[PDB]
Amino acid sequence: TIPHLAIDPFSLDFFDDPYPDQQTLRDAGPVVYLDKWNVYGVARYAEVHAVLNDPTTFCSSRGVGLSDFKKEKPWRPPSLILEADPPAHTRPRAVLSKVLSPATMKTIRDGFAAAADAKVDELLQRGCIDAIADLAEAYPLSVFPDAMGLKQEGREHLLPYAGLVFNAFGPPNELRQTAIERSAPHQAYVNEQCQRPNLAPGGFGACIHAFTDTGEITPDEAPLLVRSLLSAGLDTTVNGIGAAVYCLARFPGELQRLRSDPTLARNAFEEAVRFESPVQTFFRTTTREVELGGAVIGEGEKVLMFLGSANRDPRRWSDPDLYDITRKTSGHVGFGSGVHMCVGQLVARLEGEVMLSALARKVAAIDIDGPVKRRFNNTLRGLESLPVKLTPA
Ligand code: HEM
Ligand SMILES: CSc1ccc(C(=O)O)cc1
Ligand SMILES: [Cl-]
């Protein structure tokens, strides 16, 4: 009933060009079995969306990577939110909700926007730049660690620590095993910065600590919740902004539309999240026997959701393979869906909007001007290097 496939969705060849294999996965059936990792797979929008929206049946507390926490030790203490199920999930979620809230966005926006304009201005002085190191990485690094309230010393650990986290969701391939081997100093830095004394007042970090007297979280939960933001908060936005620039770079027609109406900046970002889906994949674990798309999955099985595939499913999207900054993106699963839907999406969108606004107002063209180099990671899709020539408007 369930087709078995030998595709390794965590292989360098798959990362290098996932799209044919992803159609192969959708078209094989609503539910496949991946013999490489002994794992159920769902690659169509409908089943990915269903799975995300039944947290009772498809739980996150047994881990959202390949590893099943009921079978193996987690490589670090479990996240209090990503790797928890309702009701444990609920209050720490509420806290990060209020911390990364509309009101908070109102306090950081001018600063984020200024940073974004200043960067684009700086890059136009150079002309030929690396849209990854000098933009996708540099810009979030200029705003997010400050927004967190991190001290300056040690920030080089942040992107290493993130690549470790996302690699560690993957199978025990060499990417994962090499990440964990190198992890010790990045863990030490991050863990130390999660303690209240090390976070500057007014920041996301000290804000999380300040929420520890309401009955929602206790003081011993706050460091791990800060850890959550230093795990998820940065590298995701680097690959999100990287994606958007790359799309603009490959669809000049859409850059020209964006320039003509910079208010499209925020949706231009949302479409780049759908189109590239920087967060490619996550697992759930079945807490019971379940019928899904007319196939039956037993208790305790890992189910792999192909978010990027879901976002290019021609069953859901018209011309999924086109970058369209005026598309109605509502319902894309690049930020997830349901009770775990990205609690940090207002920061990502803010960062993404203000950067694409800056480009929209200041840049006339973005032409790839050198070898594009992909960066391989078990969960993240994105580029190592994107050399572009920026033409001033
Ligand atoms: C382009 C940027 C981003 C993308 C594509 C993204 C993607 C995602 C996805 C797909 C999920 C769902 C995980 C699941 O269902 O298991 C999620 C949850 C989460 N994200 Fe984001 N994210 C982004 C930005 C951010 C930022 C800026 C932050 C923090 C400042 C953040 C923090 C979190 C946290 C803590 C969770 C766990 C929420 C929960 O379990 O309820 N993310 N993200
Ligand atoms: C969806 S990416 C991500 C989200 C949350 C955490 C965490 O809670 O540490 C890590 C990665
Ligand atoms: Cl850690």
Side-chain angles (χ1 to χ4, degrees), residues 55 59-65 67-70 72-101 104 144-145 147-151 154-155 157-169 176 179-180 183-237 279 282-285 336 339-348 379:
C59 80
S60 303
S61 72
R62 284 172 68 168
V64 295
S67 186
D68 181 347
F69 295 175
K70 211 168 176 153
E72 301 173 281
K73 175 170 218 168
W75 74 276
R76 53 167 194 176
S79 180
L80 296 190
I81 172 162
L82 183 66
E83 289 159 344
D85 300 323
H89 166 256
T90 303
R91 295 167 161 199
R93 168 78 193 201
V95 169
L96 288 184
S97 233
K98 296 179 227 268
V99 163
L100 305 177
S101 57
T104 302
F144 185 73
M148 281 307 299
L150 294 181
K151 67 184 181 185
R155 286 186 186 185
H157 290 286
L158 284 171
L159 279 180
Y161 178 78
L164 163 69
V165 174
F166 284 103
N167 270 331
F169 296 128
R176 177 172 206 279
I180 282 156
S183 60
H186 309 314
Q187 286 184 93
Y189 160 81
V190 169
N191 287 321
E192 181 60 32
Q193 296 342 292
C194 297
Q195 295 283 327
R196 190 167 205 164
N198 300 334
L199 297 161
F204 300 161
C207 187
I208 296 167
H209 282 282
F211 269 91
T212 60
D213 63 357
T214 72
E216 289 172 283
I217 59 171
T218 57
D220 70 275
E221 290 177 312
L224 275 207
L225 281 179
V226 180
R227 190 192 74 180
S228 275
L229 296 196
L230 303 172
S231 302
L234 182 69
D235 204 12
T236 56
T237 67
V279 178
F282 270 118
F283 298 84
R284 295 298 191 252
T285 314
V339 304
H340 287 276
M341 195 195 193
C342 174
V343 67
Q345 64 190 229
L346 304 190
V347 181
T379 299

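The figures here come from the full heavy-atom set of this structure, side chains too, leaving out hydrogens, waters and symmetry mates. Residues take their numbers from the sequence shown, with the count starting at 1.
Partners of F169 according to the ring-ring contact (aromatic ring centres under 6.0 Å, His included) rule, which considers only residues two or more places apart in sequence or in another chain, are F166, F282. The salt bridge (charged side-chain N to carboxylate O under 4.0 Å, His left out) test applied to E72 returns no partner, not counting sequence neighbours. Partners of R62 according to the salt bridge (charged side-chain N to carboxylate O under 4.0 Å, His left out) rule, which considers only residues two or more places apart in sequence or in another chain, are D68, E299. Every residue two or more places apart in sequence or in another chain was checked for a salt bridge (charged side-chain N to carboxylate O under 4.0 Å, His left out) with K151, and none qualifies. By the side-chain contact (heavy atoms from CB on, under 4.5 Å) test, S97 is found to be paired with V343, residues two or more places apart in sequence or in another chain being considered. Checked against side-chain hydrogen bond (donor to acceptor under 3.5 Å, both in side chains), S183 has the following partners two or more places apart in sequence or in another chain: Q187. For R91, there are no side-chain hydrogen bond (donor to acceptor under 3.5 Å, both in side chains) partners two or more places apart in sequence or in a different chain. Residues satisfying the ring-ring contact (aromatic ring centres under 6.0 Å, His included) criterion with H340, sequence neighbours excluded, are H89.
Applying the salt bridge (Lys or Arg N to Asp or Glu O under 4.0 Å) test to every pair with at least one member in residues 201-214, sequence neighbours left out, gives no pairs at all. Residue pairs that meet the salt bridge (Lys or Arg N to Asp or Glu O under 4.0 Å) test with at least one member in residues 73-90, sequence neighbours left out, do not exist here.
Looking at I217 and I208, their side chains come closer than 4.5 Å, going by heavy atoms from C-beta outward.
Across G205 and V226, no two heavy atoms sit closer than the pair O-CG2, 3.9 Å. Smallest separation of non-hydrogen atoms from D235 and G163: OD2-N, 3.8 Å. The shortest heavy-atom contact between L346 and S101 is CD1-C, 4.1 Å. The shortest non-hydrogen separation linking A206 to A200 is CB-O, 3.5 Å.
Side-chain atoms of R93 never come within 3.5 Å of backbone atoms of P86 as a donor-acceptor pair (strictly under, hydrogens ignored). Between the side chain of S231 and the backbone N or O of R227, at least one donor-acceptor pair lies under 3.5 Å. No donor-acceptor distance shorter than 3.5 angstrom exists from the side chain of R284 to the backbone of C59, with no hydrogens or angles considered.
Taking CG of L229 as the reference point, atom CZ of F144 lies at 5.5 Å (rounded to 0.5 Å). Atoms CG and NE2, from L164 and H157 in turn, are 13.0 Å apart once rounded to the nearest 0.5 Å. Separating the CE atom in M148 from the CG atom in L158 is a distance of 9.0 Å, to the nearest 0.5 Å.
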(request) Kindly determine whether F204 and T104 satisfy side-chain contact (heavy atoms from CB on, under 4.5 Å), including the steps that lead there. (result) CA-CA 9 Å; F204 300 161; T104 302; 3.6 Å; yes
Sequence neighbours excluded and cut-off under 3.5 Å, please list the side-chain donor-acceptor pairs for residues 218-225, or say none.
from : atom 1 : to   : atom 2 : distance (Å)
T218 : OG1    : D220 : OD1    : 2.7
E221 : OE1    : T218 : N      : 2.8

Enumerate, atom names and distances included, each donor-acceptor pair closer than 3.5 Å involving a side-chain atom of residues 192-199, sequence neighbours excluded.
from : atom 1 : to   : atom 2 : distance (Å)
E192 : OE2    : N198 : ND2    : 2.9
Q193 : NE2    : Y189 : O      : 3.0
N198 : ND2    : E192 : O      : 2.7

